[PDB]
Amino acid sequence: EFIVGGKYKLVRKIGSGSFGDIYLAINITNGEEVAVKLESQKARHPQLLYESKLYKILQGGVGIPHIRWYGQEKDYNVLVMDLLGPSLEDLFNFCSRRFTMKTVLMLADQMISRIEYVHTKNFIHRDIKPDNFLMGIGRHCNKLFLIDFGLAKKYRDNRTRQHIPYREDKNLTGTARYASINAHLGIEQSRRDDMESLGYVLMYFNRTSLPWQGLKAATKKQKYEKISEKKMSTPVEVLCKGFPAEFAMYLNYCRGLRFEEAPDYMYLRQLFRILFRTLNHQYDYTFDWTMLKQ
């Protein structure tokens, strides 16, 4: 019944977002399965045209999905792209909200590289969370993809490499759970903030929960005042207690970066790679979920 781009028939809803929903679609000419992000024209929070533009710039990177078609069909804006596997949050749930140090470290390697690529293309993601990291399908089943570029912002000019100005008085962009301390203070986000958010994501897989997770308040404005103050009252050493020193080294490095300063991605990958070696682990792509399916 609902065909987009002249050849992609919608099968069923497989997700959602600020813009609208994500559907499983089938190419009626050959059986190919794709994902179709659908957004109402006259939607409260539009991002699909912006995402379509941002996927043009990011095309070529590994772990960056391929876009088939962007256009309109009825009263919707349509983004047709690669059908990817489950998110890290889906896999975390599947693994009973528990990941081994081997999974966290194999994931960490790919997550630094995925953010790094976006940064080489002059953009910051601003919504680093387990839900935006998805494993691929078939051939790409051990390849992790960073998706959802609706909050992505340019941090520097492509030719001059001039960094964006330092601002304060900014309302928080993205989820409060993995937001950096400076993003909470209203300070303008840059490369360092994507990296710091990644540290929270890893600590969240390490400890079932985060110290500021179970903090309830009536309104969202009150919900953040607690998270922000809990993040600031929690020393990195307290958050990372009982875990390898590398996790604290990672968060301390990121929080130590200057606004316009480039993260040393090699250093951060090396911290985890040297730890992985020390723990006598191999990069055999046997994750925790791989095992539950065995």
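Each residue number is its position in the shown sequence, starting from 1.
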{"item": "Segment of higher mean CA temperature factor, 250 to 258 or 38 to 46", "value": "38 to 46"}
{"item": "230 to 238 versus 25 to 33 - greater average Cα B-factor per the deposited record", "value": "230 to 238"}
{"item": "Out of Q110, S190, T219, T103, residue topping the C-alpha B-factor column of the entry", "value": "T219"}
{"item": "Out of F205, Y76, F149, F145, highest CA B-factor residue", "value": "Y76"}
{"item": "Assigned third (lowest, middle, highest) for the C-alpha B factor of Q270", "value": "lowest"}
{"item": "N158 by Cα B-factor - lowest, middle or highest third of the modelled chain", "value": "highest"}
{"item": "Relative C-alpha B-factor of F19, binned into the chain's lowest, middle or highest third", "value": "highest"}
{"item": "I124 CA temperature factor, ranked by third within the chain", "value": "lowest"}
{"item": "Chain thirds of CA B-factor: placement of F287", "value": "lowest"}
